[PDB]
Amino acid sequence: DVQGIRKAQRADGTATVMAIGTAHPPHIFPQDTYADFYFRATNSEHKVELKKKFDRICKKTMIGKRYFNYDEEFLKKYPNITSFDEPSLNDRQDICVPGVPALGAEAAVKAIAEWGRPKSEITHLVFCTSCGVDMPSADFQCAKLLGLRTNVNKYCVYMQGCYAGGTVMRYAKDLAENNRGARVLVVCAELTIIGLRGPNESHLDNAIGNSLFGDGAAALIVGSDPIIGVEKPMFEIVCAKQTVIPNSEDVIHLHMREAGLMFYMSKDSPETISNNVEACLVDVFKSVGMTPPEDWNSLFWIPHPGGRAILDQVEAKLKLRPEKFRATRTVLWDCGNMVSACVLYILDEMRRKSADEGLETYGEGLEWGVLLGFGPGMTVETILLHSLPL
């Protein structure tokens, strides 16, 4: 009986985040001296007017510090990486191919420890990075490092950029919900040395990238039908939808070249996202038969902090009070833009605080919330969350 098999195979309830772990590489770079370091490490101190421009840009980021897997001494071994576009992909791959699954595994071990169940109960691995590619891929390496079962179903989410924190939640939803007993380990890990490069005055946008991106890894356990008393259900992934904004392909794009990953951006990302986010929010509510709230302040919020300008304009467009993006701005200050890992860090910050503040739910005491990823396309990932009692 094929239908009986299907009925027994699938889960009952909504996919639920039940653990979150994070990990950083060891080297801390304060933002207030980053321009000094960067123009020194790229041998560009003669570009004095460029250097002030970059210092002023760094002061506007609302990033306090970032973590990296390299220090100034390390980079001296790679003059090709600190140039603008000398051949360098091979060296970057030699670092990122083993390094990204290793950092991801550090976050995964912490998520598994919080979860408190044996790693042998992990049935699915969703691994996400925009930093390096290889065959067998980074999911294979992470599973090996962690000792997962040999028949774990793996999903390698490569080169999905800054919306991919939303992407992995979308994957984990269907994996957890369609498979009885499934426990999905989600790992996002980024080592931005894949794209680090020297400044070039004809590509000021490529340079601003070096003011934003930092390293980091985050991991979740997602599953349906939590074991009550044992597992800790925090956020239910009710609806997950990806949207492309037409006529915005030139706003953000990144290309894998002989000089590594080359980042490009127009100035239009704040307005493109803010002019389109409302439609994405209505879509995700209407897709589960719900009416969107009249006041967007009724929800809790995990927007991806792609830039402080993006946050400010989305905040204005949605008429949100200044405290609503508190958790997001805290992670941005503490960590910079860790690409896919950010929104998972922010989910962690929000639920930890909500417990510290003894609130009614993990979502700042509110019932419903939205997690948003933004990135190349332009692409929006919109995740409708229902948070649970604390």
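Each residue number is its position in the shown sequence, starting from 1.
Judged by mean Cα B factor in the deposited record, 196-204 ranks above the other of 196-204 and 138-146.
Taking the mean C-alpha B-factor of each stretch as recorded, 222-230 and 155-163 are not equal, and the higher mean is that of 222-230. Across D174, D215, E121, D312, the greatest Cα temperature factor reported in the deposited entry is at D312. Highest CA B-factor among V251, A189, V244, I302, as stated in the entry: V251.
For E271, the recorded CA B-factor ranks within the highest third of the chain. Only modelled residues enter the ranking. Sort the chain's modelled residues by C-alpha temperature factor and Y78 lands in the highest third, per the entry.
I383 sits in the lowest third of its chain by CA B factor, as recorded in the PDB entry. Sorting the modelled residues of the chain by their CA temperature factor places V184 in the lowest third.
Per the deposited record, the Cα B-factor of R308 falls in the highest third when ranked against the other modelled residues of its chain.
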